[PDB]
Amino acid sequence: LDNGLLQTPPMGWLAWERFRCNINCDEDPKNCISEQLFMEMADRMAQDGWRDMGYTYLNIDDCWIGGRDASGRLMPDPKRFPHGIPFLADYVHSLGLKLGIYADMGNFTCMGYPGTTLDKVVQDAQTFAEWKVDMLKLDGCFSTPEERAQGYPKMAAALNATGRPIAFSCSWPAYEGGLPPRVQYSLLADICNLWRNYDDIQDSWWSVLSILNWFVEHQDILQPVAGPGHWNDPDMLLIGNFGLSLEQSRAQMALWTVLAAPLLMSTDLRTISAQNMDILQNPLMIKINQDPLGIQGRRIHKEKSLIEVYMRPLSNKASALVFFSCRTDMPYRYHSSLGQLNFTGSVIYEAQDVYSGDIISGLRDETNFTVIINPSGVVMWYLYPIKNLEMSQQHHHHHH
């Protein structure tokens, strides 16, 4: 979507995976969907390095809506959002963050809250712009294929007409099976900044694998459609929650990064462990995810040993490689060479291990190397021509 936004994948925090549709503030005031929850997460994002590392979106998901007023205007739940949404947006903006919100293109939201039907699309867009929202996720429950075909373009047009840049996240393709001919990715790229292609993620490794395997099965279709301003969205990061081991958490971060995915966390930032913070705030990982070329990666190799290799092209003739073990036994010594991974030419390379920081020098196409990969885990390299180091130091500047 050509609205100036999301030239790199969006980074931030979304309420849904961790906090879901918890509205019992009487019994569970610390974890319920409420203005307090968002204000506290905002504070954490401003204070604990998240914003400074690039995590700028704080997004409301389903179950925020109280109803519509006498004029049809959306209102948040007054008991849970007593100061209103404008107050919340002001607060978030005061901390250098952006506010996202949620609506559904259909009769109701997936959890049964008031829907944005076709006759409310424009009014709801205008309301969100008036509240100074910065992002909209538009779900597609309780609608027909025809309503979605009309509604998603209608909302993109309505948002545009407000004059406020609002990042637009579209669930449209997930409801149509994610593939052509039912999904037209050329249109999606013109009307949305990102789109959910496939199933909702759940807090399990099986869920991550299910999503990864669908994206890889269909990468010939999906890889080319992503780029600056228009991303595939494999759904939220699970890091910090209950279902992923350490190796699995590092794997999801690495694989979402190689896929040029949004880095949308959904976890309790108030209690997140240092170990998990270190994964999400890894500066090299983030640089890779945010690479300005915005070229989505691919799986380039799969071995009988159940080791898979993913590669993402990056700026300055660099690459990211993720060596991923689908084994379930023990650490595995994977023997390869850049030549076997379809690197050609006379380039000598160096690599930095993204998680350890260790440098491997003197890699030619023919050079045999070994990486030790843990089960359901990864090894990730930032790989660059060694001449990149010299060229970066030898740029001559003039005042203009």
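So that there is no doubt, residue numbering starts at 1 and follows the sequence shown.
According to the PDB record, 389 to 397 carries the higher mean C-alpha B-factor of the two stretches 389 to 397 and 4 to 12. Higher mean CA temperature factor, per the PDB entry, when comparing 249 to 257 with 211 to 219: 211 to 219. Taking the PDB entry at face value, the top CA B factor among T56, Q352, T367, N59 belongs to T367. Residue set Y102, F142, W206, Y152: peak C-alpha B-factor at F142 (per PDB entry). For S356, the recorded CA B-factor ranks within the middle third of the chain. Only modelled residues enter the ranking. Per the deposited record, the Cα B-factor of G240 falls in the lowest third when ranked against the other modelled residues of its chain. In this PDB entry, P86 carries a Cα temperature factor that places it within the highest third of its chain's modelled residues. Among the modelled residues of the chain, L341 sits in the highest third by CA temperature factor in this PDB entry. When the modelled residues of the chain are ordered by C-alpha B-factor, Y198 sits in the lowest third.
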